[PDB]
Structures are given as structure tokens and as C-alpha cells.
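J.: This is work_12.cif (mmCIF, C-alpha atoms (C1' of nucleotides)).
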```
data_entry
#
loop_
_atom_site.label_atom_id
_atom_site.label_comp_id
_atom_site.auth_asym_id
_atom_site.auth_seq_id
_atom_site.Cartn_x
_atom_site.Cartn_y
_atom_site.Cartn_z
CA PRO T 17 -5.94 29.24 -10.98
CA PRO T 18 -4.58 25.88 -9.84
CA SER T 19 -6.00 22.92 -11.72
CA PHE T 20 -5.14 19.28 -12.15
CA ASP T 21 -7.01 16.69 -14.17
CA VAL T 22 -6.90 12.95 -13.60
CA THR T 23 -7.93 12.49 -17.21
CA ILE T 24 -5.17 14.63 -18.71
CA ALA T 25 -2.41 15.21 -16.12
CA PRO T 26 0.29 12.57 -15.75
CA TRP T 27 0.33 10.53 -12.56
CA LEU T 28 -0.36 6.92 -13.50
CA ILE T 29 2.88 5.07 -14.15
CA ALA T 30 2.35 2.92 -17.23
CA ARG T 31 4.27 -0.07 -18.55
CA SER T 32 4.07 -1.01 -22.23
CA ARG T 33 3.62 -4.40 -23.87
CA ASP T 34 7.06 -4.12 -25.49
CA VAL T 35 10.63 -3.39 -24.44
CA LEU T 36 9.74 -3.18 -20.74
CA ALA T 37 11.98 -0.12 -20.43
CA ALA T 38 11.13 3.44 -19.30
CA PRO T 39 7.54 3.42 -18.00
CA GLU T 40 5.91 6.75 -18.68
CA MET T 41 3.43 8.54 -16.45
CA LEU T 42 0.10 9.27 -18.16
CA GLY T 43 -3.34 10.52 -17.22
CA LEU T 44 -6.43 8.41 -16.52
CA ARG T 45 -7.99 9.17 -19.90
CA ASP T 46 -4.84 8.16 -21.80
CA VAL T 47 -4.50 4.87 -19.91
CA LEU T 48 -8.15 4.21 -20.62
CA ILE T 49 -7.71 4.79 -24.36
CA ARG T 50 -4.38 2.95 -24.80
CA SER T 51 -5.24 -0.01 -22.62
CA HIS T 52 -4.43 -2.93 -24.93
CA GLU T 53 -1.07 -1.25 -25.56
CA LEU T 54 0.09 -1.29 -21.93
CA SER T 55 0.53 -4.35 -19.81
CA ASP T 56 -0.37 -2.57 -16.60
CA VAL T 57 -0.52 0.71 -14.68
CA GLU T 58 1.17 0.80 -11.31
CA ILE T 59 0.89 2.85 -8.13
CA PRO T 60 3.65 2.69 -5.49
CA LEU T 61 1.16 2.59 -2.59
CA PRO T 62 -0.78 -0.68 -2.36
CA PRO T 63 -3.61 1.18 -0.60
CA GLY T 64 -3.61 3.70 -3.43
CA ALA T 65 -3.76 0.89 -5.93
CA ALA T 66 -6.40 -0.97 -3.91
CA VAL T 67 -8.83 1.91 -4.24
CA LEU T 68 -7.50 2.69 -7.71
CA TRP T 69 -8.46 -0.63 -9.21
CA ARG T 70 -11.84 -0.13 -7.56
CA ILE T 71 -12.41 3.23 -9.30
CA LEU T 72 -10.94 2.10 -12.64
CA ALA T 73 -13.30 -0.84 -12.40
CA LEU T 74 -16.14 1.67 -12.17
CA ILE T 75 -15.14 3.67 -15.26
CA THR T 76 -13.96 1.52 -18.17
CA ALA T 77 -15.78 -1.33 -16.51
CA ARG T 78 -19.01 0.52 -15.93
CA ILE T 79 -19.25 1.39 -19.64
CA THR T 80 -18.46 -2.25 -20.46
CA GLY T 81 -20.44 -3.67 -17.54
CA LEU T 82 -23.55 -1.69 -18.60
CA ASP T 83 -25.19 -1.37 -15.17
CA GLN T 84 -28.17 -3.41 -16.36
CA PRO T 85 -28.76 -7.17 -16.46
CA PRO T 86 -32.59 -7.25 -16.58
CA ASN T 87 -34.42 -10.48 -17.59
CA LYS T 88 -32.61 -12.78 -20.08
CA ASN T 89 -30.80 -14.78 -17.43
CA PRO T 90 -29.02 -11.69 -16.14
CA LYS T 91 -25.76 -13.44 -15.25
CA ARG T 92 -25.78 -15.22 -18.59
CA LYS T 93 -26.32 -12.13 -20.70
CA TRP T 94 -23.77 -10.00 -18.86
CA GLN T 95 -21.32 -12.82 -19.42
CA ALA T 96 -22.44 -12.70 -23.08
CA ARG T 97 -21.71 -8.98 -23.51
CA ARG T 98 -18.59 -9.69 -21.49
CA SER T 99 -17.50 -12.29 -24.01
CA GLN T 100 -18.38 -9.84 -26.81
CA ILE T 101 -16.13 -7.00 -25.54
CA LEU T 102 -13.48 -9.42 -24.32
CA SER T 103 -13.47 -10.73 -27.87
CA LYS T 104 -13.05 -7.25 -29.37
CA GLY T 105 -9.93 -6.87 -27.25
CA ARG T 106 -10.31 -3.13 -26.92
CA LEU T 107 -12.55 -0.20 -25.93
CA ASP T 108 -13.61 2.38 -28.55
CA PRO T 109 -12.22 5.80 -27.41
CA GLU T 110 -15.43 7.58 -28.38
CA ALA T 111 -17.38 5.83 -25.63
CA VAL T 112 -14.70 6.93 -23.16
CA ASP T 113 -14.81 10.58 -24.16
CA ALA T 114 -18.57 10.38 -23.92
CA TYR T 115 -18.32 9.20 -20.30
CA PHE T 116 -15.64 11.80 -19.61
CA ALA T 117 -17.80 14.19 -21.58
CA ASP T 118 -20.68 13.87 -19.13
CA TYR T 119 -18.52 15.02 -16.20
CA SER T 120 -15.46 16.36 -18.01
CA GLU T 121 -15.45 19.65 -16.14
CA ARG T 122 -16.00 17.90 -12.79
CA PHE T 123 -12.70 15.92 -12.42
CA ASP T 124 -9.90 18.47 -11.74
CA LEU T 125 -9.50 17.79 -8.04
CA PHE T 126 -8.66 21.40 -7.24
CA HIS T 127 -12.19 22.46 -8.18
CA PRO T 128 -13.61 25.45 -6.28
CA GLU T 129 -16.75 23.40 -6.03
CA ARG T 130 -17.01 19.67 -6.69
CA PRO T 131 -13.36 18.71 -6.13
CA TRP T 132 -12.43 15.08 -6.91
CA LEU T 133 -13.51 12.79 -4.09
CA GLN T 134 -13.59 15.79 -1.79
CA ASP T 135 -15.86 18.19 0.03
CA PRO T 136 -15.19 21.83 -0.97
CA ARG T 137 -17.24 23.40 1.82
CA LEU T 138 -15.01 21.72 4.37
CA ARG T 139 -12.40 24.47 4.18
CA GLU T 140 -14.63 27.15 5.70
CA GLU T 141 -15.78 25.36 8.86
CA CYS T 142 -12.61 23.61 10.11
CA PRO T 143 -10.25 25.87 12.05
CA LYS T 144 -7.11 23.69 12.08
CA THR T 145 -5.83 22.16 8.88
CA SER T 146 -4.84 18.55 9.38
CA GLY T 147 -1.80 19.22 7.23
CA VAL T 148 -0.21 17.16 4.51
CA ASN T 149 1.68 15.17 7.11
CA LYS T 150 -1.58 13.98 8.66
CA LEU T 151 -2.91 12.99 5.25
CA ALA T 152 0.08 11.31 3.61
CA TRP T 153 1.14 7.80 4.56
CA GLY T 154 4.67 7.09 5.72
CA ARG T 155 4.49 10.67 6.95
CA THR T 156 4.58 11.61 10.63
CA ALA T 157 1.48 13.15 12.21
CA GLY T 158 1.19 15.61 15.07
CA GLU T 159 1.67 13.08 17.86
CA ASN T 160 3.84 10.70 15.85
CA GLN T 161 7.54 10.61 16.66
CA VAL T 162 10.21 11.81 14.21
CA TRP T 163 12.10 8.55 13.71
CA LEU T 164 11.17 7.28 10.23
CA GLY T 165 10.77 8.09 6.54
CA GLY T 166 12.73 11.28 6.68
CA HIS T 167 12.01 13.44 9.66
CA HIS T 168 9.08 15.80 9.39
CA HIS T 169 8.84 18.11 12.38
CA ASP T 170 5.55 19.54 11.20
CA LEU T 171 7.29 22.91 10.71
CA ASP T 172 7.70 23.92 7.06
CA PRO T 173 6.53 20.56 5.69
CA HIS T 174 7.67 19.79 2.16
CA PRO T 175 4.59 19.69 -0.12
CA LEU T 176 3.46 16.55 -1.88
CA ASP T 177 3.65 16.56 -5.65
CA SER T 178 0.14 16.92 -7.02
CA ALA T 179 0.40 13.50 -8.58
CA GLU T 180 1.69 12.26 -5.24
CA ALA T 181 -1.13 14.04 -3.48
CA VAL T 182 -3.62 12.14 -5.57
CA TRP T 183 -2.25 8.78 -4.46
CA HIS T 184 -2.49 9.69 -0.79
CA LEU T 185 -5.97 11.14 -1.02
CA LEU T 186 -7.17 7.93 -2.56
CA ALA T 187 -5.50 5.78 0.10
CA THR T 188 -6.94 7.77 2.98
CA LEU T 189 -10.32 7.45 1.35
CA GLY T 190 -9.78 3.71 1.43
CA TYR T 191 -7.75 3.03 4.54
CA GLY T 192 -8.03 5.80 7.12
CA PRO T 193 -7.40 6.14 10.84
CA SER T 194 -10.30 6.11 13.28
CA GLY T 195 -10.95 8.39 16.22
CA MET T 196 -9.98 12.00 16.94
CA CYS T 197 -9.40 13.62 13.62
CA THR T 198 -9.74 17.43 13.49
CA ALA T 199 -13.37 18.44 14.19
CA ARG T 200 -15.33 20.62 11.78
CA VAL T 201 -18.60 22.20 12.93
CA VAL T 202 -21.74 21.76 10.82
CA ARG T 203 -24.50 24.00 12.20
CA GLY T 204 -23.36 23.49 15.78
CA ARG T 205 -22.05 19.91 15.56
CA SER T 206 -18.39 19.26 16.52
CA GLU T 207 -17.05 15.69 17.00
CA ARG T 208 -13.35 15.09 16.39
CA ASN T 209 -14.17 11.37 16.40
CA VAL T 210 -13.98 9.51 13.08
CA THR T 211 -14.73 5.94 12.08
CA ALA T 212 -12.28 3.74 10.14
CA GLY T 213 -12.08 3.14 6.40
CA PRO T 214 -14.20 0.46 4.75
CA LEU T 215 -11.42 -1.93 3.73
CA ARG T 216 -9.07 -1.08 6.60
CA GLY T 217 -6.60 -3.85 7.40
CA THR T 218 -7.57 -6.11 4.49
CA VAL T 219 -6.05 -7.65 1.36
CA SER T 220 -7.79 -6.78 -1.91
CA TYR T 221 -7.51 -9.39 -4.68
CA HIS T 222 -7.43 -8.06 -8.27
CA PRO T 223 -6.99 -10.53 -11.14
CA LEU T 224 -4.50 -9.53 -13.83
CA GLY T 225 -3.85 -10.52 -17.40
CA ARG T 226 -1.47 -9.97 -20.28
CA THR T 227 -2.77 -6.51 -21.10
CA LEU T 228 -4.56 -3.71 -19.27
CA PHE T 229 -7.88 -4.01 -21.03
CA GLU T 230 -8.20 -7.64 -19.98
CA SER T 231 -7.78 -6.87 -16.33
CA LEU T 232 -10.18 -3.95 -16.37
CA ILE T 233 -12.82 -6.15 -18.00
CA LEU T 234 -12.20 -9.06 -15.64
CA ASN T 235 -12.10 -6.70 -12.63
CA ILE T 236 -15.81 -5.83 -12.30
CA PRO T 237 -17.90 -7.74 -9.76
CA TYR T 238 -20.99 -8.86 -11.49
CA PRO T 239 -23.63 -6.33 -10.43
CA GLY T 240 -26.77 -8.07 -9.36
CA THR T 241 -30.00 -6.61 -10.61
CA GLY T 242 -30.99 -3.73 -8.35
CA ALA T 243 -31.22 0.02 -8.03
CA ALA T 244 -29.21 2.09 -10.45
CA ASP T 245 -26.15 3.42 -8.69
CA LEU T 246 -23.53 6.08 -9.13
CA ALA T 247 -20.21 6.98 -7.58
CA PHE T 248 -19.20 9.71 -5.14
CA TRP T 249 -18.11 11.77 -8.12
CA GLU T 250 -21.27 10.77 -10.01
CA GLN T 251 -23.43 12.16 -7.21
CA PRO T 252 -25.55 15.05 -8.47
CA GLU T 253 -25.21 17.03 -5.24
CA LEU T 254 -23.36 16.85 -1.89
CA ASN T 255 -24.59 14.41 0.78
CA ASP T 256 -24.45 16.54 3.94
CA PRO T 257 -22.90 15.08 7.10
CA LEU T 258 -26.13 14.32 8.91
CA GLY T 259 -28.57 11.60 7.89
CA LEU T 260 -28.28 8.07 6.65
CA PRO T 261 -25.61 6.86 4.22
CA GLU T 262 -28.14 5.54 1.70
CA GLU T 263 -27.84 1.97 0.48
CA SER T 264 -26.92 1.22 -3.14
CA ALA T 265 -27.65 -2.09 -4.83
CA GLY T 266 -25.58 -0.98 -7.81
CA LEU T 267 -21.95 -1.92 -8.15
CA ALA T 268 -20.86 1.52 -6.97
CA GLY T 269 -22.37 0.41 -3.70
CA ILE T 270 -20.50 -2.86 -4.17
CA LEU T 271 -17.25 -1.11 -5.00
CA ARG T 272 -17.55 0.70 -1.69
CA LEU T 273 -17.57 3.93 -3.64
CA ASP T 274 -21.01 5.35 -2.82
CA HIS T 275 -19.68 7.35 0.09
"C1'" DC F 1 -5.28 34.45 38.07
"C1'" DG F 2 -2.78 32.39 34.65
"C1'" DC F 3 -0.30 28.65 32.72
"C1'" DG F 4 1.02 24.06 32.37
"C1'" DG F 5 0.32 19.32 32.87
"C1'" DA F 6 -2.42 15.28 32.92
"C1'" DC F 7 -6.39 12.85 31.84
"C1'" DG F 8 -10.30 11.76 29.01
"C1'" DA F 9 -13.33 11.14 24.73
"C1'" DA F 10 -13.79 7.12 21.11
"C1'" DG F 11 -13.33 3.43 17.37
"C1'" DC F 12 -13.02 -0.61 18.77
"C1'" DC F 13 -13.45 -7.51 16.36
"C1'" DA F 14 -12.45 -15.14 17.09
"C1'" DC F 15 -1.73 -43.43 13.68
"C1'" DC F 16 4.63 -43.51 12.01
"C1'" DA F 17 10.30 -40.16 10.32
"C1'" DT F 18 16.33 -40.13 10.86
"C1'" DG F 19 23.41 -40.91 9.80
"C1'" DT F 20 29.08 -38.46 11.43
"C1'" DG F 21 34.17 -37.56 12.49
"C1'" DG F 22 41.14 -36.74 11.27
"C1'" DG F 23 47.22 -32.16 11.79
"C1'" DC F 24 51.65 -32.05 14.88
"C1'" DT F 25 56.98 -33.16 16.05
"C1'" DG F 26 62.73 -33.91 17.16
"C1'" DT F 27 68.67 -36.73 18.33
"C1'" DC F 28 73.48 -38.72 19.25
"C1'" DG F 29 78.39 -42.48 22.06
"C1'" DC F 30 83.02 -40.98 22.02
"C1'" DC F 31 87.44 -41.02 20.47
"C1'" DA F 32 90.92 -42.00 17.35
"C1'" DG F 33 92.64 -42.77 12.94
"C1'" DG F 34 92.84 -42.22 8.07
"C1'" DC F 35 91.76 -40.01 3.83
#
```
Please render this file's structure as C-alpha cells.
T.:
Amino acid sequence: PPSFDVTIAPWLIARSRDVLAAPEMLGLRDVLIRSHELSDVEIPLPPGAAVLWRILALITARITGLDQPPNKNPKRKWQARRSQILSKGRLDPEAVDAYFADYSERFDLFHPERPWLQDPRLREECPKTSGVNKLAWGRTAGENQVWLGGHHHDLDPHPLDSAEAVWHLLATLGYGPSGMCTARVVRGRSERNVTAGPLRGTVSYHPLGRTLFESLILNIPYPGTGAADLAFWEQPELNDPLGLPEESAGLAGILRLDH
DNA sequence: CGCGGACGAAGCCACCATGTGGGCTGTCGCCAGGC
């Protein structure tokens, strides 16, 4: 069976502190563990990186951010723990595996159920596949002309590398076109219309440092005190199309990652 | 009656400042004598 894991499979290009020659691609778990070692991890698509730094800020960061500044001058104490871990200069791998451990079997995007940032049921109710060309950026869609980025005629399209596929999926989850995508029925409801992505047409500002760990630490908005939150992949069960997108005072609702 | 073409359905977000230049041409006086 096909399987890919963000934690173990290599997709994230990584640059080391030394030499600055031959960046190697690594998984998400490895980057997390070897963070002080690497200066940065890079994605060729700025949309892909714009959502990427958002999700990476919810993993390493969440564990370090703690999701809980109650009493004690909240802002002051989070900045105190912040100074404490910033002083350590690194994250203990055992707390990473523990986080990964909670949902270790839930990451491999190609999951039959619970695929990464995806809806698995979707396959059954949509008659026409959008196609890779409609998903991937710089790639021509059905109505798009054949002039740029290699010519894709939408007949025998060359498949995206799985690592490549991951970058695109993440971008479309951030930036995404609005109106007239392919309709899927849900108990009688068919509406090809689609609204735009949450950050669409914007510049995301991520502070950097000398090493990875620094940036990841300095990348988390301070979560105000509020309801405990979780991510789309931290959701216990699927949302369903109908109904209200519930609010989320937690930072996962402030990383625009609740839904 | 069937096929092809055209149109429609959204999601849509705003008291006061200016300076540079240089590259192309031709002429007699004629004859005779001496070296």
C-alpha cells in the first residue's frame, strides 16, 4: 500500500550551520530533532513555506508554547518559559516523539482514513477529479492556456513527486482559487462554488535567526488565554461540510489552521 | 431530435534644487644650364 510520512520521508530541504554546501532533504521529525544543527529549512514555493512556517509553529512551538498562560501575568510567564527554552538552545527529542507518538499513525498523507490535511470521504462523492494540474501551482488548469511552465495539455499529465505533491497541497490549503471548483454532492448538496483561501494575496512575515530552533521559538504568536485549541490534523473526527466553522481562541485558530 | 455553441452562476474589497562641448585635408612657374 502507498504510504508517505511527513515525519520520516524526505521532502524538507535543509541547510546546515557549517560548510553551506549540499543541502539534504529530510523529514519533518528529523528537522524537528536536529534544529540547532541546521540554519534553516527551505521550500521552493513561498505559499508552501507560508503555510509551512504556520504548521511548524504549531508543532515544535506548541510543545514549547504550552497552550496555557493562566494567571501569573500570562504574557509575562509565557515570556519566562520562552526565555527558559530559548536559553536551553534546543528541544529534547523525547518530547517530540511524544507529540508524534500521540498521532504517529495519523500523519502519512495517503491514509485510507484520516489523510494529512485532507478529507478521505471526498473520493467517493465527486465524479470528476480536479487533476494534479488543477491542484499544482505554475501548472495549467482546464481552461488555462498552454503557454507557460512547460505545456500541460491535460492529457497524460506527468505526476508530481510525492514530496512535490506535499508542497502544493499545503499551498492550495493556504492560497486557493475561489469560485467554480468541481462540485461534490453531500446528501443532495452540489455547489461548484468555492470561497478563497484565508491568506490569499498577502505577505506573511516570519522572523528568522541564526539557527532553526531560534526561529521556531520566535515564530509563535503569543496565544491569549482562551479555549484550548487543536489543529485540523488534531481534530478527533471530521467536521462535515454543513454547519458552522467553530471559533477557536487557541493559537490553532490564530494560525488559521482550525479548518 | 440531437449536437454544438453561448451564456450564466459566483467570489468578489479603499515652503526651495542644478553645469557641457573638439577630427579632416592638398600644389607648382617655366625653361635653361650646369653638375
J.: Could you work out how far CA of residue 249 (chain T) lies from CA of residue 129 (chain T), giving the answer in Å with one decimal?
T.: 11.9 Å
J.: Measure the distance from CA of residue 47 (chain T) to CA of residue 179 (chain T) in Å and round it to one decimal.
T.: 15.1 Å
J.: Within 7 Å of chain F, which residues of chain T show up when using only C-alpha atoms (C1' of nucleotides), listed as a compact mmCIF listing (two decimals) with C-alpha atoms, in the coordinates of the input?
T.:
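Dumped to iface.txt:
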```txt
# COMPACT_ATOMS: atom_id res chain seq x y z
CA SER T 194 -10.30 6.11 13.28
CA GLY T 195 -10.95 8.39 16.22
CA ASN T 209 -14.17 11.37 16.40
CA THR T 211 -14.73 5.94 12.08
```
J.: Report, in Å with one decimal, the straight-line distance from CA of residue 227 (chain T) to CA of residue 53 (chain T).
T.: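 Computing the Euclidean distance for CA of residue 227 (chain T) and CA of residue 53 (chain T) yields 7.1 Å.
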J.: Give me the residues near residue 146 (chain T) as JSON, numbers by chain, where near means some atom within 10 Å (using all atoms listed in the file) and where sequence neighbours in that chain fewer than 6 positions away do not count.
T.: {"T": [157, 158, 197, 198, 199]}
J.: Selection in question (the file shown): the PyMOL selection byres ((chain T and resi 78-89) around 9). Which residues does it include, as a compact mmCIF listing (two decimals) with C-alpha atoms, in the coordinates of the input?
T.:
```txt
# COMPACT_ATOMS: atom_id res chain seq x y z
CA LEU T 72 -10.94 2.10 -12.64
CA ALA T 73 -13.30 -0.84 -12.40
CA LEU T 74 -16.14 1.67 -12.17
CA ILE T 75 -15.14 3.67 -15.26
CA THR T 76 -13.96 1.52 -18.17
CA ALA T 77 -15.78 -1.33 -16.51
CA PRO T 90 -29.02 -11.69 -16.14
CA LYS T 91 -25.76 -13.44 -15.25
CA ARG T 92 -25.78 -15.22 -18.59
CA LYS T 93 -26.32 -12.13 -20.70
CA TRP T 94 -23.77 -10.00 -18.86
CA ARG T 97 -21.71 -8.98 -23.51
CA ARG T 98 -18.59 -9.69 -21.49
CA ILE T 101 -16.13 -7.00 -25.54
CA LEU T 107 -12.55 -0.20 -25.93
CA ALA T 111 -17.38 5.83 -25.63
CA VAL T 112 -14.70 6.93 -23.16
CA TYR T 115 -18.32 9.20 -20.30
CA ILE T 233 -12.82 -6.15 -18.00
CA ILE T 236 -15.81 -5.83 -12.30
CA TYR T 238 -20.99 -8.86 -11.49
CA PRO T 239 -23.63 -6.33 -10.43
CA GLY T 240 -26.77 -8.07 -9.36
CA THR T 241 -30.00 -6.61 -10.61
CA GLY T 242 -30.99 -3.73 -8.35
CA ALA T 244 -29.21 2.09 -10.45
CA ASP T 245 -26.15 3.42 -8.69
CA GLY T 266 -25.58 -0.98 -7.81
CA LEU T 267 -21.95 -1.92 -8.15
```
J.: Hey, what's within 10 Å of residue 108 (chain T) if we count all atoms listed in the file and toss same-chain stuff fewer than 3 positions away? As a list in words, please?
T.: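 Result of the neighbour search: residues 48, 49, 50, 104, 111, 112 and 113 of chain T.
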J.: Would you translate the PyMOL selection byres ((chain T and resi 138) around 12) into the concrete set of residues it matches in this file, as a list in words?
T.: residues 128, 129, 130, 131, 134, 135, 136, 137, 139, 140, 141, 142, 143, 144, 145, 146, 198, 199, 200, 201, 202, 254, 256 and 257 of chain T
J.: Please save C-alpha atoms of the selected residues as a PDB file, in the frame of the given file.
T.:
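Result written to out-v2.pdb:
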```
ATOM      1  CA  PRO T 128     -13.610  25.450  -6.280  1.00  0.00           C
ATOM      2  CA  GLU T 129     -16.750  23.400  -6.030  1.00  0.00           C
ATOM      3  CA  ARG T 130     -17.010  19.670  -6.690  1.00  0.00           C
ATOM      4  CA  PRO T 131     -13.360  18.710  -6.130  1.00  0.00           C
ATOM      5  CA  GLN T 134     -13.590  15.790  -1.790  1.00  0.00           C
ATOM      6  CA  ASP T 135     -15.860  18.190   0.030  1.00  0.00           C
ATOM      7  CA  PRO T 136     -15.190  21.830  -0.970  1.00  0.00           C
ATOM      8  CA  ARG T 137     -17.240  23.400   1.820  1.00  0.00           C
ATOM      9  CA  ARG T 139     -12.400  24.470   4.180  1.00  0.00           C
ATOM     10  CA  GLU T 140     -14.630  27.150   5.700  1.00  0.00           C
ATOM     11  CA  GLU T 141     -15.780  25.360   8.860  1.00  0.00           C
ATOM     12  CA  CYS T 142     -12.610  23.610  10.110  1.00  0.00           C
ATOM     13  CA  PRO T 143     -10.250  25.870  12.050  1.00  0.00           C
ATOM     14  CA  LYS T 144      -7.110  23.690  12.080  1.00  0.00           C
ATOM     15  CA  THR T 145      -5.830  22.160   8.880  1.00  0.00           C
ATOM     16  CA  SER T 146      -4.840  18.550   9.380  1.00  0.00           C
ATOM     17  CA  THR T 198      -9.740  17.430  13.490  1.00  0.00           C
ATOM     18  CA  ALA T 199     -13.370  18.440  14.190  1.00  0.00           C
ATOM     19  CA  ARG T 200     -15.330  20.620  11.780  1.00  0.00           C
ATOM     20  CA  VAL T 201     -18.600  22.200  12.930  1.00  0.00           C
ATOM     21  CA  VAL T 202     -21.740  21.760  10.820  1.00  0.00           C
ATOM     22  CA  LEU T 254     -23.360  16.850  -1.890  1.00  0.00           C
ATOM     23  CA  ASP T 256     -24.450  16.540   3.940  1.00  0.00           C
ATOM     24  CA  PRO T 257     -22.900  15.080   7.100  1.00  0.00           C
TER      25      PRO T 257
END
```
J.: Show which residues sit within 9 Å of residue 30 (chain T), as a list in words. Count all atoms listed in the file, and ignore same-chain residues fewer than 4 positions away.
T.: residues 39, 40, 41, 42, 47, 54, 55, 56, 57 and 58 of chain T
J.: Please write the residues picked by the PyMOL selection byres ((chain T and resi 189) around 9) on this file as a PDB file with C-alpha atoms, keeping the file's coordinate frame.
T.:
```
ATOM      1  CA  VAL T  67      -8.830   1.910  -4.240  1.00  0.00           C
ATOM      2  CA  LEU T 133     -13.510  12.790  -4.090  1.00  0.00           C
ATOM      3  CA  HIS T 184      -2.490   9.690  -0.790  1.00  0.00           C
ATOM      4  CA  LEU T 185      -5.970  11.140  -1.020  1.00  0.00           C
ATOM      5  CA  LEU T 186      -7.170   7.930  -2.560  1.00  0.00           C
ATOM      6  CA  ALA T 187      -5.500   5.780   0.100  1.00  0.00           C
ATOM      7  CA  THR T 188      -6.940   7.770   2.980  1.00  0.00           C
ATOM      8  CA  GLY T 190      -9.780   3.710   1.430  1.00  0.00           C
ATOM      9  CA  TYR T 191      -7.750   3.030   4.540  1.00  0.00           C
ATOM     10  CA  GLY T 192      -8.030   5.800   7.120  1.00  0.00           C
ATOM     11  CA  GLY T 213     -12.080   3.140   6.400  1.00  0.00           C
ATOM     12  CA  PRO T 214     -14.200   0.460   4.750  1.00  0.00           C
TER      13      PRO T 214
END
```
J.: Could you list, as a ChimeraX atom specification, every residue within 12 Å of residue 122 (chain T), counting all atoms listed in the file and ignoring same-chain residues fewer than 2 positions away?
T.: /T:19-23,115-120,124-134,248-253
J.: Counting only C-alpha atoms, which residue out of T:226, T:174, T:155, T:208 sits closest to residue 51 (chain T)?
T.: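 Ranked by minimum distance to residue 51 (chain T), first place goes to T:226.
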